[PDB]
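**Q** First, the structure itself, so that you have it in front of you.
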Amino acid sequence: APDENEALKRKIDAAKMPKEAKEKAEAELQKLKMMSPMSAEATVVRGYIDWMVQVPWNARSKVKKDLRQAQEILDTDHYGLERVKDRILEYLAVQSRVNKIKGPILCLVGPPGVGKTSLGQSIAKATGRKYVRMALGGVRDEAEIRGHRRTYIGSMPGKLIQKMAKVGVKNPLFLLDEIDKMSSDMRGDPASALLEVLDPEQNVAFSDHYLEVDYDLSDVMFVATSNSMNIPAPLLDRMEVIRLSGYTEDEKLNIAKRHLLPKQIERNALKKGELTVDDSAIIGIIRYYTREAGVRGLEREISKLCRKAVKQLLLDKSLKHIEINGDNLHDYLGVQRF
Ligand SMILES: Nc1ncnc2c1ncn2[C@@H]1O[C@H](COP(=O)(O)OP(=O)(O)O)[C@@H](O)[C@H]1O
């Protein structure tokens with residue numbers, strides 16, 4: 001009879017819905033229809049029904065079957081990283097057939113700084129797949145992967161259930177950033193809940209504590225990246241280990257010239273010809289302002305380098321263009337660190 005109390009079915013059957021969750025959603029509506037300003041149940045089910053709609057099922061993005069188009073971008077987001085470029089392609093060649101992903105999840109390990117999350121961005125762009133990230137740092141219980149019960153207010157579903165609410169497709173690229181930091185002390189171990197989400201036998205029967213009914217996940221392509229090897233043994237099993245650590249000066253220079261410099265020039269509100277940073281200034285950042293195997297502090301210095309450039313142009317409009325080389329790099333980054 002009311003407006004919102006009647007506008008619940010406007011997205012239960014209008015939006016797609018499976019079989020076991022169809023009438024079960026209305027079975028949860030059975031606890032309603034009695035009153036409306038009532039509290040507890042009349043306020044939890046409406047939130048529960050709301051969380052039952054924003055979750056995607058029978059709705060996905062079309063993944064292509066092409067292969068070189070992925071090779072065409074695995075050299076775009078970087079270059080190839082010597083080898084390993086083929087691996088990512090080798091993994092996507094077998095996934096171009098039956099939808100059950102099934103294979104070892106893929107694990108991008110290495111020192112902090114190496115393109116781990118960035119590689120996860122390209123694999124989603126390669127297969128036309130949507131991207132979402134879930135950092136596994138600070139998780140110390142099972143109440144994160146699998147949500148809480150359907151108690152009073154607050155008890156929201158699992159973290160992955162909330163990520164599916166954003167990316168409204170059944171086939172997103174779920175990144176598990178830094179699985180090393182995943183602690184297992186409080187409520188059992190999140191690795192047990194992390195097994196049923198990637199294991200091919202029970203990924204289709206993933207049950208969340210809040211969202212009562214199960215939720216298929218055999219169409220999601222998971223990418224679990226980290227740094228060290230401190231991961232639970234049942235997780236390392238059935239996961240493809242990909243190691244990448246080495247980074248030379250010339251490799252850091254190429255990454256900065258193709259990606260790090262164009263990215264920070266744009267973010268810092270600089271136009272195309274407003275800032276020129278030649279190769280010596282990039283090398284000077286590597287040798288005296290950043291010590292690292294990856295390129296994170298290399299990118300941290302450019303975010304400051306382009307920062308001061310837009311500052312100098314704003315404090316002196318008589319400047320149309322700032323040039324930074326190995327000689328005047330210390331005027332912007334301050335004194336050298338190493
Ligand atoms: N080999 C690389 N090629 C291109 N860009 C890179 C590379 N390595 C790192 N990056 C840059 O680093 C950023 C993200 O770093 P990330 O890989 O997330 O660090 P971490 O692995 O420590 O989380 C991206 O924006 C990306 O442009």
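Residue names in the structure tokens use chain letters A, B, ... in the order shown, residue numbers from 1 in each chain, and ligand numbers from 1 in the order shown.
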If you run DSSP on the backbone here, which positions in segment 164-266 of chain A get strand (DSSP E)? Please write them as an NGL selection string.
**A** :A and (172-177 or 206-207 or 214-215 or 221-225 or 241-243)
**Q** Dump C-alpha atoms for the selected residues as a PDB file, in the first residue's frame?
**A**
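Output contents, as saved in part.pdb:
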```pdb
ATOM      1  CA  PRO A 172      34.529  -8.696 -12.465  1.00  0.00           C
ATOM      2  CA  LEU A 173      38.301  -8.895 -11.932  1.00  0.00           C
ATOM      3  CA  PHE A 174      38.595  -9.222  -8.155  1.00  0.00           C
ATOM      4  CA  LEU A 175      42.059  -8.233  -6.916  1.00  0.00           C
ATOM      5  CA  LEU A 176      43.233  -9.555  -3.537  1.00  0.00           C
ATOM      6  CA  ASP A 177      45.886  -6.950  -2.761  1.00  0.00           C
ATOM      7  CA  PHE A 206      29.522 -19.426  -1.679  1.00  0.00           C
ATOM      8  CA  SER A 207      27.266 -18.700   1.307  1.00  0.00           C
ATOM      9  CA  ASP A 214      24.263 -18.668  -1.710  1.00  0.00           C
ATOM     10  CA  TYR A 215      26.020 -16.602  -4.379  1.00  0.00           C
ATOM     11  CA  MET A 221      38.453 -13.955 -12.303  1.00  0.00           C
ATOM     12  CA  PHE A 222      40.419 -13.535  -9.070  1.00  0.00           C
ATOM     13  CA  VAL A 223      43.955 -12.123  -8.895  1.00  0.00           C
ATOM     14  CA  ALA A 224      45.627 -12.472  -5.479  1.00  0.00           C
ATOM     15  CA  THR A 225      48.783 -10.346  -5.343  1.00  0.00           C
ATOM     16  CA  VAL A 241      52.842 -18.346  -8.410  1.00  0.00           C
ATOM     17  CA  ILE A 242      54.282 -15.573 -10.605  1.00  0.00           C
ATOM     18  CA  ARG A 243      57.500 -14.009  -9.313  1.00  0.00           C
TER      19      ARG A 243
END
```
**Q** Residues near segment 135-141 of chain A, anyone? I mean within 8 Å using only C-alpha atoms, not counting same-chain ones fewer than 5 positions away, as a PyMOL selection string.
**A** chain A and resi 175-190
**Q** Hey, can you spit out that residue selection with N, CA, C and O atoms as a PDB file, in the first residue's frame?
**A**
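Result saved to selection00.pdb:
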```
ATOM      1  N   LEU A 175      40.663  -8.250  -7.332  1.00  0.00           N
ATOM      2  CA  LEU A 175      42.059  -8.233  -6.916  1.00  0.00           C
ATOM      3  C   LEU A 175      42.142  -8.393  -5.405  1.00  0.00           C
ATOM      4  O   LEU A 175      41.449  -7.689  -4.661  1.00  0.00           O
ATOM      5  N   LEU A 176      42.988  -9.315  -4.957  1.00  0.00           N
ATOM      6  CA  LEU A 176      43.233  -9.555  -3.537  1.00  0.00           C
ATOM      7  C   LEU A 176      44.608  -8.972  -3.221  1.00  0.00           C
ATOM      8  O   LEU A 176      45.619  -9.676  -3.239  1.00  0.00           O
ATOM      9  N   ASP A 177      44.633  -7.674  -2.924  1.00  0.00           N
ATOM     10  CA  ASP A 177      45.886  -6.950  -2.761  1.00  0.00           C
ATOM     11  C   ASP A 177      46.528  -7.290  -1.419  1.00  0.00           C
ATOM     12  O   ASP A 177      45.889  -7.186  -0.368  1.00  0.00           O
ATOM     13  N   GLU A 178      47.798  -7.691  -1.468  1.00  0.00           N
ATOM     14  CA  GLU A 178      48.579  -8.025  -0.287  1.00  0.00           C
ATOM     15  C   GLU A 178      47.894  -9.075   0.583  1.00  0.00           C
ATOM     16  O   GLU A 178      47.358  -8.747   1.641  1.00  0.00           O
ATOM     17  N   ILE A 179      47.916 -10.342   0.147  1.00  0.00           N
ATOM     18  CA  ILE A 179      47.370 -11.439   0.949  1.00  0.00           C
ATOM     19  C   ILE A 179      48.308 -11.858   2.073  1.00  0.00           C
ATOM     20  O   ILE A 179      47.910 -12.645   2.942  1.00  0.00           O
ATOM     21  N   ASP A 180      49.540 -11.345   2.084  1.00  0.00           N
ATOM     22  CA  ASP A 180      50.459 -11.647   3.177  1.00  0.00           C
ATOM     23  C   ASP A 180      49.981 -11.030   4.486  1.00  0.00           C
ATOM     24  O   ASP A 180      50.017 -11.682   5.536  1.00  0.00           O
ATOM     25  N   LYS A 181      49.524  -9.778   4.441  1.00  0.00           N
ATOM     26  CA  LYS A 181      49.085  -9.060   5.632  1.00  0.00           C
ATOM     27  C   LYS A 181      47.783  -9.598   6.211  1.00  0.00           C
ATOM     28  O   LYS A 181      47.353  -9.115   7.264  1.00  0.00           O
ATOM     29  N   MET A 182      47.148 -10.570   5.562  1.00  0.00           N
ATOM     30  CA  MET A 182      45.899 -11.148   6.049  1.00  0.00           C
ATOM     31  C   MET A 182      46.179 -11.945   7.316  1.00  0.00           C
ATOM     32  O   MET A 182      46.715 -13.055   7.264  1.00  0.00           O
ATOM     33  N   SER A 183      45.817 -11.382   8.465  1.00  0.00           N
ATOM     34  CA  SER A 183      46.019 -12.058   9.736  1.00  0.00           C
ATOM     35  C   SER A 183      44.907 -13.073   9.986  1.00  0.00           C
ATOM     36  O   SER A 183      43.803 -12.974   9.443  1.00  0.00           O
ATOM     37  N   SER A 184      45.216 -14.066  10.831  1.00  0.00           N
ATOM     38  CA  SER A 184      44.285 -15.147  11.167  1.00  0.00           C
ATOM     39  C   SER A 184      44.412 -15.420  12.668  1.00  0.00           C
ATOM     40  O   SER A 184      45.134 -16.322  13.101  1.00  0.00           O
ATOM     41  N   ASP A 185      43.698 -14.630  13.469  1.00  0.00           N
ATOM     42  CA  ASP A 185      43.798 -14.746  14.919  1.00  0.00           C
ATOM     43  C   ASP A 185      42.433 -14.695  15.595  1.00  0.00           C
ATOM     44  O   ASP A 185      42.160 -15.485  16.506  1.00  0.00           O
ATOM     45  N   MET A 186      41.572 -13.772  15.164  1.00  0.00           N
ATOM     46  CA  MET A 186      40.304 -13.541  15.845  1.00  0.00           C
ATOM     47  C   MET A 186      39.317 -14.677  15.597  1.00  0.00           C
ATOM     48  O   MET A 186      39.348 -15.695  16.297  1.00  0.00           O
ATOM     49  N   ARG A 187      38.437 -14.515  14.610  1.00  0.00           N
ATOM     50  CA  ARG A 187      37.386 -15.496  14.335  1.00  0.00           C
ATOM     51  C   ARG A 187      37.947 -16.563  13.406  1.00  0.00           C
ATOM     52  O   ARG A 187      37.806 -16.496  12.184  1.00  0.00           O
ATOM     53  N   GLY A 188      38.584 -17.571  13.999  1.00  0.00           N
ATOM     54  CA  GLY A 188      39.173 -18.652  13.236  1.00  0.00           C
ATOM     55  C   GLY A 188      40.290 -18.188  12.327  1.00  0.00           C
ATOM     56  O   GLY A 188      41.337 -17.731  12.795  1.00  0.00           O
ATOM     57  N   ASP A 189      40.074 -18.299  11.016  1.00  0.00           N
ATOM     58  CA  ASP A 189      41.041 -17.852  10.040  1.00  0.00           C
ATOM     59  C   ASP A 189      40.286 -17.461   8.778  1.00  0.00           C
ATOM     60  O   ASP A 189      39.485 -18.266   8.275  1.00  0.00           O
ATOM     61  N   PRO A 190      40.501 -16.251   8.253  1.00  0.00           N
ATOM     62  CA  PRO A 190      39.833 -15.867   7.000  1.00  0.00           C
ATOM     63  C   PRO A 190      40.254 -16.708   5.808  1.00  0.00           C
ATOM     64  O   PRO A 190      39.572 -16.665   4.776  1.00  0.00           O
TER      65      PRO A 190
END
```
**Q** Taking only C-alpha atoms into account, which of A:286, A:68, A:218, A:161 comes nearest residue 205 of chain A?
**A**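 Comparing A:286, A:68, A:218, A:161 against residue 205 of chain A, the winner is A:218.
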**Q** Looking at A:209, A:104, A:69, A:274, which one is nearest to residue 237 of chain A, with distances taken over only C-alpha atoms?
**A**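 Of A:209, A:104, A:69, A:274, the one nearest residue 237 of chain A, counting only C-alpha atoms, is A:104.
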**Q** Within 10 Å of ligand 1 (counting only C-alpha atoms and all ligand atoms), which residues show up? I'd like them as a VMD selection string.
**A** chain A and resid 74 to 82 108 to 121 135 177 to 178 225 to 227 244 to 245 247 251 to 252 254 to 264 294 to 300
**Q** For segment 146-158 of chain A, list every protein, DNA or RNA residue within 10 Å, evaluated using only C-alpha atoms, and leave out those in the same chain fewer than 4 positions away; present the list as a PyMOL selection string.
**A** chain A and resi 39-41+43-45+47-48+51+141-142+162-164+190+193-194+197+206-212
**Q** Can you list, as an MDAnalysis selection string, every protein, DNA or RNA residue that comes within 8 Å of residue 310 of chain A when you count only C-alpha atoms, leaving out same-chain residues fewer than 6 positions away?
**A** chainID A and resid 268:270
**Q** With N, CA and C atoms kept, could you save the residues just selected as a PDB file, in the first residue's frame?
**A**
```
ATOM      1  N   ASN A 268      48.522  16.628 -11.505  1.00  0.00           N
ATOM      2  CA  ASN A 268      48.935  17.903 -10.938  1.00  0.00           C
ATOM      3  C   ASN A 268      48.533  19.098 -11.795  1.00  0.00           C
ATOM      4  N   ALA A 269      47.505  18.941 -12.631  1.00  0.00           N
ATOM      5  CA  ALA A 269      46.915  20.043 -13.393  1.00  0.00           C
ATOM      6  C   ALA A 269      47.943  20.728 -14.290  1.00  0.00           C
ATOM      7  N   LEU A 270      48.789  19.931 -14.934  1.00  0.00           N
ATOM      8  CA  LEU A 270      49.768  20.429 -15.889  1.00  0.00           C
ATOM      9  C   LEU A 270      49.376  19.996 -17.293  1.00  0.00           C
TER      10      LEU A 270
END
```
**Q** Quick one: pull the distance between atom CA of residue 58 of chain A and atom CA of residue 22 of chain A, Å, one decimal.
**A** 12.2 Å
**Q** What's the 12 Å shell around residue 6 of chain A, counting only C-alpha atoms, without same-chain residues fewer than 5 positions away, as a PDB file with C-alpha atoms, in the first residue's frame?
**A**
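What follows is the written file selection07.pdb:
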```pdb
ATOM      1  CA  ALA A   1       0.000   0.000   0.000  1.00  0.00           C
ATOM      2  CA  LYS A  11      13.573  -4.279  -8.736  1.00  0.00           C
ATOM      3  CA  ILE A  12      13.177  -7.829  -7.380  1.00  0.00           C
ATOM      4  CA  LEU A  29       9.205  -9.971   2.586  1.00  0.00           C
ATOM      5  CA  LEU A  32       7.126  -7.434   6.379  1.00  0.00           C
ATOM      6  CA  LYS A  33       3.737  -6.167   5.114  1.00  0.00           C
ATOM      7  CA  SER A  36       5.868  -0.113   8.220  1.00  0.00           C
ATOM      8  CA  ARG A  46      14.076  -3.137   4.105  1.00  0.00           C
TER       9      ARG A  46
END
```
**Q** I need the residues of segment 1-233 of chain A that end up classed as helix (DSSP H, G or I) by DSSP on the backbone, written out as a VMD selection string.
**A** chain A and resid 22 to 29 41 to 53 68 to 74 85 to 94 117 to 126 159 to 166 190 to 198 233
**Q** Could you check which of A:217, A:35, A:143, A:322 is closest to residue 273 of chain A, using only C-alpha atoms?
**A**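 Looking at the shortest contact to residue 273 of chain A, the residue is A:322.
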**Q** Just to confirm, what's the straight-line distance from atom CA of residue 249 of chain A to atom CA of residue 327 of chain A in Å (one decimal)?
**A**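 Distance reported for this atom pair: 18.6 Å.
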**Q** Nearest residue to residue 287 of chain A out of A:318, A:336, A:303, A:30, using only C-alpha atoms?
**A**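 The closest residue to residue 287 of chain A is A:336.
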